[PDB]
């Protein structure tokens, strides 16, 4: 049914326990007391000018990145209408604008927009036709082979796998939202 994806993930990938780094969060973002959720303000806070922050993109990272091995983590996206998640490099441009989010620029992300429109953020984009809409998403990484993939984490269905990439820089979990809406984005807990 949904199981097997469960067996597999635990058996073959090391669960990351990702917590949101608020030093990285764009001012319009609100990290939760627990640092698992992110939700969007109505208007930006004023926040200590910091190099690590995403001042153009409405992005937030993990505290902990990856340089080897196999890892996975899961994100309750629930019934949100817009959200993009995955990973990115330490060395992405956190200040300059109009750097498009592609693997070309260090972004292996994937998301949802205007409600029902799934897409992967390759160049060009690749739309995605998902039998069931996911309420929870599993992000999987193998540094060495250079592969990142996405699975519906309730039923274990596959979603997308980026083209192999030789990874030079460390990789952070990245999360991004722009809607202001009820349902938040939430890192699922490590078993």
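Numbering follows the first chain given and starts at 1.
Mean CA temperature factor from the deposited coordinates, higher in 48-56 or in 135-143?
Mean CA B-factor is higher for 48-56.
B-factor third for the C-alpha atom of residue 149 within its chain:
Its C-alpha B-factor belongs to the lowest third of this chain's values.
Going by the entry, which third of its chain does the Cα temperature factor of residue 102 land in?
According to the entry, residue 102 has a C-alpha B-factor in the chain's lowest third.
C-alpha B factor of residue 117, ranked within the chain: lowest, middle or highest third?
Highest third, going by the recorded CA B-factors of the chain.
Based on the deposited C-alpha B factors for this chain, I'd like to know if residue 130 is in the lowest, middle or highest third.
It falls in the top third of the chain.
Going by the CA temperature factor in the PDB record, which third of the chain does residue 30 belong to: lowest, middle or highest?
Lowest third.
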